[PDB]
């Protein structure tokens, strides 16, 4: 399309919602290509990531870790207004893995505090894709400070399986998985800082060990458990988008499966089926489609169980409905 042609396209302004929720959208595309507009402010904020009061200087797209999921369709234009507020201390930018050229938008979106930019890219490829901050000289530091999220580029005709049967989700959740590298003192205590810059040297030392101190969902230990558990009902079709901008993960729905899993996150690559545990490399997002069959609490985990139950990479689903004794039954309950 020409510049004049793009300028003629319908503009639709989208209002983002916080992970793990996803803003309103249509699975099948509404008419021809549109310029879908989003705005996010990059917020620098202290976050507490565990019950010990451990702090991280987070870089939060739209105020969250991870930043929110943006949903467009293949061949829409994603037009992001990105804003760096005056109260911030650092330059920030954005690399969209979905985009083509200028380091994913990174080379065109470098904003100092008090600056804004507007980037437009054509979403030519269907899938779930990571985005992250990537300032030259400080790339992994910003990323492991929570400066990442994802987008979903839906096929204009919605999702399908390998064979062409439509796959339509009733619910969609976005899990952003985060590896943190929090410096400790000589007593094994996590250190605190009064400015993001103050933690830099200490953090880089920990980063180089390639061993995170915490691995969490939605920015904290227990962020997606208890009250903040994701919800479903027996018979509901759920899509779980999962991203990790820096480090590998192996998602697993304990009590469930991934009926269809785009493990690479790309919708033109046919999904794997009947998955127990899938694998998403650092720097990617994946998506799993499941229909719930049993009510109760599920644990959705990074299935390195040390990472899940020692380091924080565990979420819950709360599922309502009738128990199915055909699928599973206790023939003899625990007894002498």
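Numbering follows the first chain given and starts at 1.
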Can you tell me which stretch has the higher mean Cα B-factor, 141-149 or 190-198? 190-198
Report the stretch with the higher mean CA temperature factor, choosing between 272-280 and 28-36 on the basis of the entry. 28-36
Which one of 164, 176, 212, 255 shows the top CA temperature factor in the record? 164
Given 248, 86, 259, 95, identify the residue with the highest C-alpha B factor in the PDB entry. 86
Would you mind checking where the Cα B-factor of residue 285 ranks among the modelled residues of its chain, as the lowest, middle or highest third? lowest
C-alpha B factor of residue 226, ranked within the chain: lowest, middle or highest third? highest
What third of the chain, by the recorded C-alpha B-factor, contains residue 112? highest
Based on the entry's values, in what third of the chain does the Cα temperature factor of residue 106 lie: lowest, middle or highest? middle
Compare the C-alpha B factor of residue 241 with those of the other modelled residues in its chain, then answer lowest, middle or highest third. lowest
